[PDB]
Amino acid sequence: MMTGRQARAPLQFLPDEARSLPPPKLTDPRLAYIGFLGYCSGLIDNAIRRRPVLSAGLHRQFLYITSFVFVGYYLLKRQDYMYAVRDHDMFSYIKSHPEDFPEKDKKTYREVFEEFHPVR
Amino acid sequence: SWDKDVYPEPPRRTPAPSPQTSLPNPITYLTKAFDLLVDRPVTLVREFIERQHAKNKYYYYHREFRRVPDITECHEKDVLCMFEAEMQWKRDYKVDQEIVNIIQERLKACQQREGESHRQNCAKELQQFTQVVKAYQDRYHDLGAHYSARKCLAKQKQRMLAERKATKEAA
């Protein structure tokens, strides 16, 4: 779909145009949910190896949460960039082709006619 | 107390009591006993409660809604103006329902009050009830559980087209 956009500068996670965008906050709800995913994976890792789930290996669970937060932050940056590119291309194409996107003649309800179907 | 113009009531005309017989009616003695034993303590208690209520006074107000443009001057698929028009129409729908309730209460009060001669003396209340019911039926009936201002506008437009065709074919 957007390979022509991602064809002149290939294999780039975040192009230089992405730095003009606001970065996600560290209190992002998606980032917090990804950290919760990391915590859940740490608890499952404790559970499948017959360790005490909430007590054994706090360093392991901390590294799980940290790794999930890191990877999720970069994925969120890429996602926001790509939706920004989508909107930018959409608006540029709308503005460049005014013949195909005419202004709809809006009419008030005193002129329009709607059939009435009684419920009896 | 209420407003005696919205809820009218004719003046009370009671006859004078004429004791033709010499036997004492127990109703007068029971009324004396009721005023001595029941009316006086209840009146005193209400006086004390009203004195307690008069020490501090605070007021509550009736909410006033200013008129916004209706659905006839709203552009199609314009959610802001249509939202305001729909809210106004729903409020007027509720008020019209309670107006019909007021007229129905008037009719029932007339029928009970006039006694056996109710068919002659409640002609005006019956006429008011018939007129207001015809207006309510022409305004709000047969809309369904999903009624809205657009449905009412469509119904009124269809009725106006029918009236215009009827006056064209009768001309």
# chains A, B, ... in the order shown; residues from 1 in each chain; ligands from 1
$ interface_residues --of "chain B" --to "chain A" --cutoff "9 Å" --atoms "only C-alpha atoms" --output "PyMOL selection string"
chain B and resi 71-76+141-145+150-155+157-158
$ residues_around --residues "stretch 24-29 of chain A" --least-positions-apart "5" --cutoff "8 Å" --atoms "only C-alpha atoms" --output "PyMOL selection string"
chain A and resi 73+76-77
$ residues_around --residues "stretch 65-69 of chain A" --least-positions-apart "3" --cutoff "6 Å" --atoms "only C-alpha atoms" --output "count of residues only"
6
$ residues_around --residues "residue B:91" --least-positions-apart "2" --cutoff "12 Å" --atoms "only C-alpha atoms" --output "PyMOL selection string"
chain B and resi 64-67+84-89+93-98+148-149
$ select_by_dssp --residues "chain A" --states "alpha helix (DSSP H)" --output "MDAnalysis selection string"
chainID A and resid 29:48 58:96
$ write_last_selection --atoms "C-alpha atoms" --output "compact mmCIF listing (two decimals), in the first residue's frame"
# COMPACT_ATOMS: atom_id res chain seq x y z
CA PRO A 29 -1.38 3.73 28.85
CA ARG A 30 -0.24 1.47 26.01
CA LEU A 31 3.28 1.45 27.47
CA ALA A 32 1.87 0.63 30.91
CA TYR A 33 -0.14 -2.23 29.40
CA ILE A 34 2.99 -3.56 27.67
CA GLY A 35 4.82 -3.41 31.01
CA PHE A 36 1.94 -5.38 32.52
CA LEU A 37 2.39 -7.92 29.71
CA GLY A 38 6.05 -8.19 30.69
CA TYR A 39 5.13 -8.70 34.34
CA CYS A 40 2.63 -11.41 33.39
CA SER A 41 5.28 -13.19 31.32
CA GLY A 42 7.67 -13.03 34.27
CA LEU A 43 5.03 -14.59 36.52
CA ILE A 44 4.38 -17.35 33.96
CA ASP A 45 8.14 -17.94 33.76
CA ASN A 46 8.17 -18.38 37.54
CA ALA A 47 5.12 -20.66 37.37
CA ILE A 48 6.23 -23.13 34.68
CA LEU A 58 12.85 -10.28 41.30
CA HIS A 59 15.73 -9.40 38.98
CA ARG A 60 14.23 -11.67 36.30
CA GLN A 61 10.82 -10.00 36.54
CA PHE A 62 12.41 -6.55 36.49
CA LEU A 63 14.33 -7.43 33.32
CA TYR A 64 11.11 -8.78 31.78
CA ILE A 65 9.27 -5.52 32.49
CA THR A 66 12.20 -3.40 31.29
CA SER A 67 12.62 -5.31 28.01
CA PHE A 68 8.90 -5.14 27.26
CA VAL A 69 8.83 -1.39 27.99
CA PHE A 70 11.85 -0.74 25.73
CA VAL A 71 10.55 -2.70 22.74
CA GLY A 72 7.03 -1.35 23.20
CA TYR A 73 8.25 2.25 23.30
CA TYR A 74 10.02 1.91 19.98
CA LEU A 75 7.06 0.08 18.41
CA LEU A 76 4.72 2.86 19.60
CA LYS A 77 7.01 5.49 18.06
CA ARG A 78 6.86 3.68 14.72
CA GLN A 79 3.07 3.25 14.91
CA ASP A 80 2.47 6.95 15.58
CA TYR A 81 4.82 7.88 12.73
CA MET A 82 3.05 5.63 10.25
CA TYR A 83 -0.41 6.96 11.11
CA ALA A 84 1.01 10.48 10.74
CA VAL A 85 2.29 9.57 7.27
CA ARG A 86 -1.12 8.12 6.37
CA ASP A 87 -2.90 11.36 7.30
CA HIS A 88 -0.28 13.51 5.56
CA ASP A 89 -0.60 11.60 2.27
CA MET A 90 -4.40 11.63 2.52
CA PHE A 91 -4.60 15.40 3.00
CA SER A 92 -2.02 16.14 0.29
CA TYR A 93 -3.93 14.00 -2.21
CA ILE A 94 -7.25 15.59 -1.23
CA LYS A 95 -5.82 19.09 -1.69
CA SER A 96 -4.09 18.23 -4.98
$ residues_around --residues "residue B:122" --least-positions-apart "3" --cutoff "10 Å" --atoms "only C-alpha atoms" --output "PyMOL selection string"
chain B and resi 106-111+113-114+117-119+125-127
$ write_last_selection --atoms "C-alpha atoms" --output "tab-separated table (two decimals), in the first residue's frame"
chain	number	residue	atom	x	y	z
B	106	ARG	CA	-59.58	18.44	35.02
B	107	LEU	CA	-62.01	16.09	33.25
B	108	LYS	CA	-61.96	13.51	36.05
B	109	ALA	CA	-62.47	16.22	38.68
B	110	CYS	CA	-65.47	17.61	36.78
B	111	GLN	CA	-67.01	14.14	36.40
B	113	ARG	CA	-67.73	16.84	41.29
B	114	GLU	CA	-70.87	17.38	39.22
B	117	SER	CA	-75.73	15.73	36.26
B	118	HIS	CA	-72.20	15.32	34.89
B	119	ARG	CA	-73.28	14.78	31.28
B	125	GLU	CA	-64.10	20.03	29.95
B	126	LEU	CA	-65.03	17.37	27.39
B	127	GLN	CA	-64.45	19.85	24.55
